[PDB]
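Visitor: quick one: experimental structure and sequence below.
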Amino acid sequence: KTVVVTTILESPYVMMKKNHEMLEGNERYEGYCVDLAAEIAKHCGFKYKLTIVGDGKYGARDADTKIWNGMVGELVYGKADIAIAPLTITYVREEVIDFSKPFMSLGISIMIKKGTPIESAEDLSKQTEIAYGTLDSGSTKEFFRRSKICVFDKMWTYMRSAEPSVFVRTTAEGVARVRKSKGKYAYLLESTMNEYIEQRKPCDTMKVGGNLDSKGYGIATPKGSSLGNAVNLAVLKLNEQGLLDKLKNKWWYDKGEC
Amino acid sequence: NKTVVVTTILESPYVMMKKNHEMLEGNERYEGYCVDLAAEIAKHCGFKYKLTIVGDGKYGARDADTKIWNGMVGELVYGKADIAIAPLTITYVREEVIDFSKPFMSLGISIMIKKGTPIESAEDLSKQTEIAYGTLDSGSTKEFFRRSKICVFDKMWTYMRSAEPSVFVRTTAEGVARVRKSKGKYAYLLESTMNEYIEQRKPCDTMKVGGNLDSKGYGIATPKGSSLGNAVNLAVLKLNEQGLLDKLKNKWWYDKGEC
Ligand SMILES: O=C1N=c2cc([N+](=O)[O-])c([N+](=O)[O-])cc2=NC1=O
Ligand SMILES: O=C1N=c2cc([N+](=O)[O-])c([N+](=O)[O-])cc2=NC1=O
């Protein structure tokens, strides 16, 4: 009766303990989603086993084979019973799996190295000396691409035609690029990550301006799962008890390095 | 007929009476955020609808003694409406009796003060008495402080609960009025979405200070086992990704602002 919980290895959501070599099972892991999982399980009344998604991805659908990868794939194909991770609620994903109500809110934000004369998305669109880009894939990119707003359309026009490329392969790459471009590059990513990195050494970056949109992380379960109901109520219950905020503050600031 | 009966509440700027509403008939009588949203939801879900205002003008609370729901939530659980399109906060007790779509707007408890008031945060209110402060005498707001584990807020609750004269108001407008009349000696805690709306209305003597003390969400509600929920749920998500929700937000909040 053990529930197979799939999740991704992303800080501070899911991380490896300092001594994960001497540990075994769920005790190996720690972090926001790891703590959350314990709560969700306690209120829904079930035993769970935490497993890291094989390909270490969230969930996208190939345009050719139409196959789902990442944690979404593990849910649609019967490899996992529930996904507890920072998985953003989207239209296409909602069509194939069931999402609970958001346990965390977020949106596209701007990351820059401290000292950079940038304060908003508008500031970027008006200049070029300070290059800026996003992940070469994901909701963040397609946001600007399918945006009928001139500010984001102009930013998109720039990003689309730039030399060298302002797009990055991974997030860690984008963050590093900001730290290494000596204040000549700005990275557009999820606010949750932006404000987490801002609290990590060497603490040479900061979040600027407000969010460009509004997304949400949700606990996903296979379409039609009987588990979805209880889990959904658990999230709402945890939120109304300020537990989600407590968990946030904990892994973002209490364990912060600034 | 196959005309979806849409229940909604009369709260600005979500649903408001037009200019010549007396000369108009049907849905064309109303306007606002939720009115525009309803049109889109119906467009993508493909259905004709009729806008109706909830009789008791309430959102949805379960009377503790009669165990009976009121407002829009009640209209659903008792088969009087097919769908509820309004600023209805997604709560636990409600999710237990109705089906909510994914949030179409995020919000949280915020502090409303009269401009000039020497307050910048909730912690400020808790370290003083010079400036009185309160909330609606019912709802998730007053509920947030009573069951709070944060010291400042539990210190605020201790103050509010035992304060004379009472610092609790009966309506939203009543709380806003008290702020505009207390010459900056009264702060009002309410939904941020409403706080940032009043901040855009005459005479523009109020403002929102500090960040939200929590995080809620407005969602479209439908009765359980409704053949409408899933479609409505996908509609909200798509509208958000197309930036339509943000456009509606900016239209009725800032484009028609007065400050
Ligand atoms: O569901 C998703 N959740 C994500 C969460 C994060 N995150 O910041 O937690 C990131 N990211 O780091 O770029 C990308 C994501 N891509 C997704 O498709
Ligand atoms: O579900 C609710 N939704 C609300 C929405 C608003 N609003 O701001 O739209 C307010 N308010 O104005 O105080 C109170 C509410 N109380 C509720 O119980």
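Guide: Alright, I've got the coordinates. Numbers count the residues shown, from 1 in each chain, chains lettered A, B, ... in the order given. Ligands and ions are numbered 1, 2, ... in the order given.
Visitor: can you count the residues close to whatever residue of the stretch 1-150 of chain A ends up closest to chain B?
Guide: When distances are taken as C-beta to the nearest C-beta, the stretch 1-150 of chain A reaches nearest to chain B at residue A:91, 4.5 Å away. (C-beta placed from N, C-alpha, C; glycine too.) Residue A:91 has 17 neighbours, counted by other C-beta atoms under 10 Å in any protein chain shown.
Visitor: show me the contacts for the closest residue to it other than its chain neighbours.
Guide: For residue A:91, ignoring the flanking residues on the chain, the nearest one in space by C-beta to C-beta, 6 or more residues apart in numbering or on different chains is residue B:237 at 4.5 Å. With contact set as C-beta atoms under 8 Å, 6 or more residues apart in numbering or on different chains, residue B:237 has these partners: A:89, A:90, A:91, A:94, B:102.
Visitor: now the residue nearest the centre of chain A: phi and psi?
Guide: Nearest to the mean C-alpha position of chain A, counting by C-alpha atoms, centre = their mean, stands residue A:86 at 4.7 Å. Backbone dihedrals for residue A:86, given as degrees, to the nearest 10, come out at phi -70, psi 60.
Visitor: now do residue A:41
Guide: Main-chain dihedrals, residue A:41, degrees, to the nearest 10: phi -70, psi -40.
Visitor: for it, give its distance to ligand 2.
Guide: Distance of residue A:41 to ligand 2, computed by C-beta to the nearest ligand atom, to the nearest Å: 29 Å.
Visitor: so whichever residue of the stretch 1-150 of chain A sits closest to ligand 2, which state does it fall into?
Guide: For the stretch 1-150 of chain A, the residue closest to ligand 2 is residue A:101, as judged by C-beta to the nearest ligand atom, at 14.3 Å. Per DSSP: H, G, I helix; E, B strand; the rest coil, the local secondary structure of residue A:101 is coil.
Visitor: in terms of helices and strands, where is whichever residue of the stretch 101-250 of chain A sits closest to chain B?
Guide: Distances between the stretch 101-250 of chain A and chain B by C-beta to the nearest C-beta are smallest at residue A:236, namely 4.6 Å. Here residue A:236, judged by DSSP states H and E, is contained in helix A:227-240.
Visitor: just the CA trace of the following helix or strand past that helix, in CSV.
Guide: Note on helix A:227-240: by DSSP H and E, the next helix or strand toward the C-terminus is helix A:243-249. Extracted C-alpha coordinates of helix A:243-249, given in CSV (Å, rounded to 0.1, in the frame of the first residue of the first chain):
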residue,chain,number,x,y,z
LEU,A,243,2.4,25.9,7.0
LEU,A,244,3.3,26.6,3.3
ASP,A,245,4.6,30.0,4.3
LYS,A,246,6.5,28.5,7.3
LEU,A,247,8.1,25.9,5.0
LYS,A,248,9.0,28.7,2.5
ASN,A,249,10.5,31.0,5.1
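Visitor: report the distance from helix A:243-249 to the chain centre.
Guide: Here the centre of helix A:243-249 is set off from its chain's centre by 16 Å, with C-alpha atoms, centre = their mean, to the nearest Å.
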